[PDB]
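**Q** Okay, handing you the structure first.
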Amino acid sequence: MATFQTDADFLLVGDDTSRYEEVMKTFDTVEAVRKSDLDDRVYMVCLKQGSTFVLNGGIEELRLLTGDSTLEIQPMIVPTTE
């Protein structure tokens, strides 16, 4: 009962694993990934325009993929120009 759906890019926090790409790749909704210069333990996933990253099992199912319970998902905030 911890489903998670998002129709836009989001941030992921784990333990800095190279499998972060494969874990996200599992979701067709994922278009690309980028590491955070400020925080190495933070990654921003960019979904494909038109797709929707839905979690039928929630964040728990996602943690099983990479094999880390620390794996979390947060709403990526868009920066402002001037």
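Numbering starts fresh at 1 for the residues of each chain in the structure tokens, the chains themselves are lettered A, B, ... in the order given, and ligands are numbered from 1 as they appear.
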Please provide as a ChimeraX atom specification all residues within 12 Å of range 62-72 of chain A, with the sequence filter that same-chain residues fewer than 2 positions apart are discarded (counting only C-alpha atoms).

**A** /A:2-4,10-27,41-44,53-60,74-75

**Q** Suppose you want the space between CA of residue 30 in chain A and CA of residue 82 in chain A; what is it in Å?

**A**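 According to the coordinates, CA of residue 30 in chain A and CA of residue 82 in chain A are separated by 29.1 Å.
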
**Q** Write out as a list in words the residues lying within 10 Å of residue 52 in chain A, counting only C-alpha atoms and excluding same-chain residues fewer than 6 positions away.

**A**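 Everything that qualifies: residues 5, 6, 7, 8, 9, 27, 28, 29 and 30 of chain A.
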
**Q** Go ahead and write the selection's residues with N, CA, C and O atoms as a JSON list (two decimals), in the first residue's frame.

**A**
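Written output follows (again_19.json):
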[["chain", "number", "residue", "atom", "x", "y", "z"],
["A", 5, "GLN", "N", 3.38, 7.10, -8.02],
["A", 5, "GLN", "CA", 3.27, 7.47, -9.42],
["A", 5, "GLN", "C", 3.71, 8.91, -9.65],
["A", 5, "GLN", "O", 3.45, 9.79, -8.83],
["A", 6, "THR", "N", 4.40, 9.15, -10.77],
["A", 6, "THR", "CA", 4.88, 10.48, -11.10],
["A", 6, "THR", "C", 4.97, 10.67, -12.61],
["A", 6, "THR", "O", 5.51, 9.83, -13.32],
["A", 7, "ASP", "N", 4.43, 11.79, -13.09],
["A", 7, "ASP", "CA", 4.44, 12.09, -14.52],
["A", 7, "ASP", "C", 5.52, 13.13, -14.84],
["A", 7, "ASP", "O", 5.30, 14.03, -15.65],
["A", 8, "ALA", "N", 6.67, 12.99, -14.20],
["A", 8, "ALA", "CA", 7.78, 13.92, -14.41],
["A", 8, "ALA", "C", 9.06, 13.41, -13.75],
["A", 8, "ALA", "O", 9.02, 12.48, -12.94],
["A", 9, "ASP", "N", 10.18, 14.03, -14.10],
["A", 9, "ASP", "CA", 11.47, 13.64, -13.54],
["A", 9, "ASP", "C", 11.41, 13.62, -12.01],
["A", 9, "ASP", "O", 10.57, 14.27, -11.40],
["A", 27, "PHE", "N", 12.45, 0.74, -16.15],
["A", 27, "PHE", "CA", 11.22, 1.47, -16.41],
["A", 27, "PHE", "C", 11.32, 2.24, -17.73],
["A", 27, "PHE", "O", 12.10, 3.18, -17.86],
["A", 28, "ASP", "N", 10.52, 1.83, -18.71],
["A", 28, "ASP", "CA", 10.51, 2.48, -20.01],
["A", 28, "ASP", "C", 10.29, 3.98, -19.87],
["A", 28, "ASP", "O", 10.73, 4.76, -20.71],
["A", 29, "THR", "N", 9.60, 4.37, -18.81],
["A", 29, "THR", "CA", 9.32, 5.78, -18.56],
["A", 29, "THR", "C", 10.61, 6.59, -18.44],
["A", 29, "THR", "O", 10.64, 7.78, -18.74],
["A", 30, "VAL", "N", 11.67, 5.93, -18.00],
["A", 30, "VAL", "CA", 12.97, 6.58, -17.84],
["A", 30, "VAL", "C", 13.60, 6.89, -19.19],
["A", 30, "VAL", "O", 13.67, 6.02, -20.06]]

**Q** Using DSSP on the backbone coordinates, identify the residues of range 18-79 of chain A assigned to strand (DSSP E or B); present them as a VMD selection string.

**A** chain A and resid 30 to 35 42 to 47 49 51 53 to 55 72 to 75

**Q** Compare A:46, A:40, A:31, A:51 by their minimum atom-to-atom distance to residue 78 in chain A, counting only C-alpha atoms, and give me the closest one.

**A**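 Closest residue, counting only C-alpha atoms: A:46.
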
**Q** Can you pull out every residue from chain A that DSSP, working from the backbone, puts in alpha helix (DSSP H), and format the result as a PDB file with N, CA, C and O atoms, in the first residue's frame?

**A**
ATOM      1  N   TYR A  20      22.433   1.979 -10.604  1.00  0.00           N
ATOM      2  CA  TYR A  20      21.390   2.998 -10.637  1.00  0.00           C
ATOM      3  C   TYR A  20      20.827   3.156 -12.046  1.00  0.00           C
ATOM      4  O   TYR A  20      19.638   3.421 -12.224  1.00  0.00           O
ATOM      5  N   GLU A  21      21.689   2.990 -13.043  1.00  0.00           N
ATOM      6  CA  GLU A  21      21.279   3.115 -14.436  1.00  0.00           C
ATOM      7  C   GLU A  21      20.400   1.939 -14.851  1.00  0.00           C
ATOM      8  O   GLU A  21      19.365   2.121 -15.492  1.00  0.00           O
ATOM      9  N   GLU A  22      20.820   0.733 -14.482  1.00  0.00           N
ATOM     10  CA  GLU A  22      20.071  -0.473 -14.817  1.00  0.00           C
ATOM     11  C   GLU A  22      18.731  -0.501 -14.089  1.00  0.00           C
ATOM     12  O   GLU A  22      17.703  -0.846 -14.671  1.00  0.00           O
ATOM     13  N   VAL A  23      18.751  -0.136 -12.811  1.00  0.00           N
ATOM     14  CA  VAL A  23      17.538  -0.119 -12.002  1.00  0.00           C
ATOM     15  C   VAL A  23      16.475   0.781 -12.624  1.00  0.00           C
ATOM     16  O   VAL A  23      15.306   0.408 -12.714  1.00  0.00           O
ATOM     17  N   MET A  24      16.891   1.969 -13.052  1.00  0.00           N
ATOM     18  CA  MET A  24      15.975   2.923 -13.666  1.00  0.00           C
ATOM     19  C   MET A  24      15.598   2.481 -15.077  1.00  0.00           C
ATOM     20  O   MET A  24      14.455   2.643 -15.504  1.00  0.00           O
ATOM     21  N   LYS A  25      16.566   1.925 -15.797  1.00  0.00           N
ATOM     22  CA  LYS A  25      16.337   1.460 -17.160  1.00  0.00           C
ATOM     23  C   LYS A  25      15.172   0.476 -17.210  1.00  0.00           C
ATOM     24  O   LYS A  25      14.477   0.372 -18.220  1.00  0.00           O
ATOM     25  N   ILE A  59       7.828   1.955  -3.498  1.00  0.00           N
ATOM     26  CA  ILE A  59       9.275   2.132  -3.454  1.00  0.00           C
ATOM     27  C   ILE A  59       9.970   0.861  -2.980  1.00  0.00           C
ATOM     28  O   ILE A  59      11.148   0.645  -3.263  1.00  0.00           O
ATOM     29  N   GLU A  60       9.232   0.024  -2.258  1.00  0.00           N
ATOM     30  CA  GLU A  60       9.778  -1.228  -1.746  1.00  0.00           C
ATOM     31  C   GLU A  60      10.232  -2.132  -2.888  1.00  0.00           C
ATOM     32  O   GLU A  60      11.319  -2.706  -2.843  1.00  0.00           O
ATOM     33  N   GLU A  61       9.391  -2.253  -3.909  1.00  0.00           N
ATOM     34  CA  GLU A  61       9.705  -3.088  -5.063  1.00  0.00           C
ATOM     35  C   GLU A  61      10.940  -2.568  -5.791  1.00  0.00           C
ATOM     36  O   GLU A  61      11.716  -3.341  -6.354  1.00  0.00           O
ATOM     37  N   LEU A  62      11.116  -1.250  -5.778  1.00  0.00           N
ATOM     38  CA  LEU A  62      12.256  -0.624  -6.438  1.00  0.00           C
ATOM     39  C   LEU A  62      13.550  -0.916  -5.683  1.00  0.00           C
ATOM     40  O   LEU A  62      14.605  -1.103  -6.289  1.00  0.00           O
ATOM     41  N   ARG A  63      13.459  -0.955  -4.358  1.00  0.00           N
ATOM     42  CA  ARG A  63      14.622  -1.225  -3.520  1.00  0.00           C
ATOM     43  C   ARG A  63      15.145  -2.639  -3.756  1.00  0.00           C
ATOM     44  O   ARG A  63      16.349  -2.886  -3.688  1.00  0.00           O
ATOM     45  N   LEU A  64      14.231  -3.564  -4.031  1.00  0.00           N
ATOM     46  CA  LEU A  64      14.599  -4.954  -4.275  1.00  0.00           C
ATOM     47  C   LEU A  64      15.441  -5.080  -5.541  1.00  0.00           C
ATOM     48  O   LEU A  64      16.335  -5.923  -5.624  1.00  0.00           O
ATOM     49  N   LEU A  65      15.150  -4.235  -6.525  1.00  0.00           N
ATOM     50  CA  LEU A  65      15.882  -4.250  -7.787  1.00  0.00           C
ATOM     51  C   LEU A  65      17.374  -4.031  -7.554  1.00  0.00           C
ATOM     52  O   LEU A  65      18.190  -4.917  -7.808  1.00  0.00           O
ATOM     53  N   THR A  66      17.723  -2.844  -7.068  1.00  0.00           N
ATOM     54  CA  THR A  66      19.116  -2.508  -6.799  1.00  0.00           C
ATOM     55  C   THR A  66      19.654  -3.303  -5.616  1.00  0.00           C
ATOM     56  O   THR A  66      20.859  -3.525  -5.502  1.00  0.00           O
TER      57      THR A  66
END

**Q** CA of residue 45 in chain A and CA of residue 76 in chain A are how many Å apart?

**A**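 CA of residue 76 in chain A lies 8.6 Å from CA of residue 45 in chain A.
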